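What follows is a single chain, given as structure tokens, in the form solved without the named molecule.
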């Protein structure tokens, strides 16, 4: 995946978030620290926060990441698109996990109710574990795919099944 998309993946609370532009940061709702009153040197009062279940978007009053260009964020992707989940793991290892996207679903994962775009990992037959699949620490990692020359981002990692074979992408 291009160096420019890996530069947008930022360690955040108990998981990750993604810079769409200089002023727009998206994450997974449950990774946000519940007491936090300041983000990147800016108070709560100076930040626009749109929340839809497990998807949260922050828009700031000034350019946090002026090194960045605005890119396309969409409400999920067509059924059968293959995406990469841009996962950072221990020691500057970068894990772009291949996933085949399916339909909008509502599910129960280990007691919690989750809603988003379901997908199946293309890494192996049994994704359970950290070598071939996801860990709770990967929440907020972005779902991206290439189309006609450009790259699109279409959600953030919300959950994975007991077996690890199914993941859920929270969408706008």
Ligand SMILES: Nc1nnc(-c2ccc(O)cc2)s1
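Residue numbers count along the first chain shown, from 1.
Beyond the structure shown, there is the form solved in complex with the named molecule, which is absent from this document and is the topic of what follows.
*Asks:* Given the named molecule superposed in from its position in the bound PDB entry using nearby C-alphas, should this pocket be scored open or blocked (3 or more ligand atoms within 2.4 Å of backbone or C-beta)?
*Replies:* By the 2.4 Å criterion, open.
*Asks:* Each of 77, 152 and 154 near the named molecule in the bound PDB entry, meaning some heavy atom within 4.5 Å?
*Replies:* Checking in the bound PDB entry: none of 77, 152 and 154 is within 4.5 Å of the named molecule.
*Asks:* Even though the partner isn't displayed, in the bound PDB entry is residue 146 close enough to the named molecule, meaning a heavy atom within 4.5 Å?
*Replies:* Because no heavy atom of residue 146 falls inside 4.5 Å of the named molecule in the bound PDB entry, the answer is no.
*Asks:* Is the gap between residue 47 and the named molecule in the bound PDB entry 4.5 Å or less for some heavy atom pair?
*Replies:* The answer is no: residue 47 has no heavy atom within 4.5 Å of the named molecule.
*Asks:* Even though the partner isn't displayed, in the bound PDB entry is residue 43 close enough to the named molecule, meaning a heavy atom within 4.5 Å?
*Replies:* The answer is no: residue 43 has no heavy atom within 4.5 Å of the named molecule.
*Asks:* Given a 4.5 Å distance limit between heavy atoms, list every residue of 47 to 85 close to the named molecule in the bound PDB entry, or none if there are none.
*Replies:* Heavy-atom contacts within 4.5 Å come from 57, 59, 70, 71, 73.
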